[PDB]
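> Sharing a structure here in structure tokens format.
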There are 2 protein chains.
Amino acid sequence: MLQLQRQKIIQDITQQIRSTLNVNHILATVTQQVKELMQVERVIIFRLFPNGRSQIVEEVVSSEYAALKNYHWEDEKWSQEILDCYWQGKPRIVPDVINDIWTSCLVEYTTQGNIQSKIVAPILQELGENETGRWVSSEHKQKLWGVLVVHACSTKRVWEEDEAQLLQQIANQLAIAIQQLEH
Amino acid sequence: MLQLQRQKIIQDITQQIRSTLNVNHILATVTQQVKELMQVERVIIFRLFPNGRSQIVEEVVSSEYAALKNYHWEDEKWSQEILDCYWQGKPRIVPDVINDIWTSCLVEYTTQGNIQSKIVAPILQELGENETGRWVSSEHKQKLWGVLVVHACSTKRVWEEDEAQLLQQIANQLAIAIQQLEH
Ligand SMILES: *[C@@H](C)[C@H]1/C(=C/c2[nH]c(/C=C3N=C(/C=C4\NC(=O)C(CC)=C4C)C(C)=C\3CCC(=O)O)c(CCC(=O)O)c2C)NC(=O)[C@@H]1C
Ligand SMILES: *[C@@H](C)[C@H]1/C(=C/c2[nH]c(/C=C3N=C(/C=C4\NC(=O)C(CC)=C4C)C(C)=C\3CCC(=O)O)c(CCC(=O)O)c2C)NC(=O)[C@@H]1C
């Protein structure tokens with residue numbers, strides 16, 4: 001009978017509960033908006049895992065440049081002078097990725113991605129109590145889950161402070177979204 | 001300048017993160033769908049707190065009958081024979097709320113709400129580790145967060161098993177949504 005129609009909404013209802021409740025769906029929609037908003041050729045979420053590993057877990061590329069999605073690496077060491085900047089919740093404006101001495105090893109990554117300038121925006125976690133790893137601060141009582149990055153690839157773009165300011169605002173909004181959705 | 005327009009999306013982006021991430025927004029949208037789907041005059045989420053208190057925290061009434069929203073009570077004791085049924089994850093079909101001996105005290109509540117029949121659907125929580133209260137089972141390793149109820153008010157409605165079956169499916173979907181969103 002039309003008991004058929006009862007489930008045509010139950011599958012909807014479940015579909016939304018699962019949709020909204022999974023982290024990637026809202027990661028994937030924020031980045032698709034950061035991209036269309038800042039008119040930037042690529043938006044990635046570089047995720048850092050405390051064992052050392054790290055991976056671009058979401059990405060929104062203009063079709064012109066490579067899918068750095070899933071791009072990854074193990075035992076990721078960042079320059080101390082840079083994590084300080086990042087634990088303080090401060091974005092990082094890299095107006096010339098090419099001569100950026102802190103990213104002087106992501107030359108492979110830089111040239112395939114074809115990145116000219118970029119803004120890097122920490123995603124932080126107030127993780128109190130007990131957890132220790134590679135991306136964690138005791139001075140700041142905060143953990144660095146990953147990084148929202150935005151890639152100027154077509155031109156060496158110059159960034160206004162409000163651009164970084166803004167990306168950081170959005171990053172700091174993900175931070176809250178992610179702390180909830182980790183099971 | 002048009003730096004104005006940068007924030008007209010940031011307020012959107014934040015608006016969605018906050019929207020999706022707060023429990024009530026998805027409680028309120030499920031019930032508005034359970035209601036429009038089962039053609040039932042009222043849909044409530046009766047929430048049970050372990051101190052004893054309990055309250056109708058969301059509701060979707062047809063404009064014809066009272067807002068039992070926020071309707072509440074303290075030191076709520078349910079008949080043991082009934083929690084067993086509920087911890088097992090089994091909905092309860094009450095085809096005549098009026099002569100339901102287990103709800104023989106919600107006569108005030110029944111007559112204002114004007115409830116003729118109803119389906120009652122437990123919302124359960126696999127709460128392991130350490131927490132004990134009034135709504136918690138050791139036999140079933142499960143806690144009873146609240147109850148999704150559906151109220152036939154216009155007529156003493158008869159319910160097909162699939163109707164209860166279905167409401168329970170939806171209840172069991174909330175259970176997963178709520179376990180995530182408690183901070
Ligand atoms: C070189 C000095 C070291 C380093 C720099 C560094 N990397 C990031 C962020 C990223 N790291 C990667 C991935 C890689 N790390 C690697 O060491 C390698 C192999 C060479 C790879 C492929 C990626 C993809 C990023 C994100 C880059 C992006 O802009 O999307 C940073 C932080 C961000 C910044 O630009 O400030 C830094 C400083 N990381 C190391 O592990 C090296 C010892
Ligand atoms: C009487 C035997 C006892 C009781 C029955 C009972 N209540 C519910 C669920 C609800 N309880 C309330 C609120 C009240 N509980 C009260 O004791 C009072 C005062 C009389 C109120 C106002 C509400 C609103 C509900 C939800 C009812 C609904 O259908 O929306 C149940 C569970 C659900 C069912 O119908 O099986 C039961 C068995 N609760 C008690 O605390 C009494 C000792």
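Residue numbering restarts at 1 for every chain of the structure tokens, chains are lettered A, B, ... in their displayed order, and ligands are numbered from 1 as they appear.
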If we count only C-alpha atoms, which residues of chain A reach to within 8 Å of chain B? Please list them as a ChimeraX atom specification.

/A:6,9-10,13-14,17,20-21,26,30,33,37,166,170,173-174,177,180-181,183

> Within 8 Å of residue 143 in chain A, counting only C-alpha atoms, which residues qualify if same-chain residues fewer than 6 places away don't, as a VMD selection string?

chain A and resid 87 124 to 127 135 to 137

> Export, as an mmCIF file, in the first residue's frame, the selected residues with C-alpha atoms.


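Output (result-v4.cif):
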data_model
loop_
_atom_site.group_PDB
_atom_site.id
_atom_site.type_symbol
_atom_site.label_atom_id
_atom_site.label_comp_id
_atom_site.auth_asym_id
_atom_site.auth_seq_id
_atom_site.Cartn_x
_atom_site.Cartn_y
_atom_site.Cartn_z
ATOM 1 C CA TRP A 87 48.750 28.003 19.287
ATOM 2 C CA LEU A 124 42.557 24.617 17.866
ATOM 3 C CA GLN A 125 41.091 22.406 20.578
ATOM 4 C CA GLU A 126 40.779 23.265 24.239
ATOM 5 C CA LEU A 127 41.812 19.767 25.319
ATOM 6 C CA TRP A 135 50.575 19.098 18.375
ATOM 7 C CA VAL A 136 49.718 20.005 21.959
ATOM 8 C CA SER A 137 50.615 22.989 24.148
#

> Could I get the residue neighbourhood of ligand 2 at 9 Å, counting only C-alpha atoms and all ligand atoms, as a PyMOL selection string?

chain B and resi 43-47+52+54-56+68+71-80+82-83+86+92-94+97+100-110+113+115+117-122+147-151

> Quick one: pick out all strand (DSSP E or B) residues within range 42-181 of chain B from a backbone DSSP run and write them as a ChimeraX atom specification.

/B:42-48,54-61,72-73,92-94,117-125,136-137,142-152
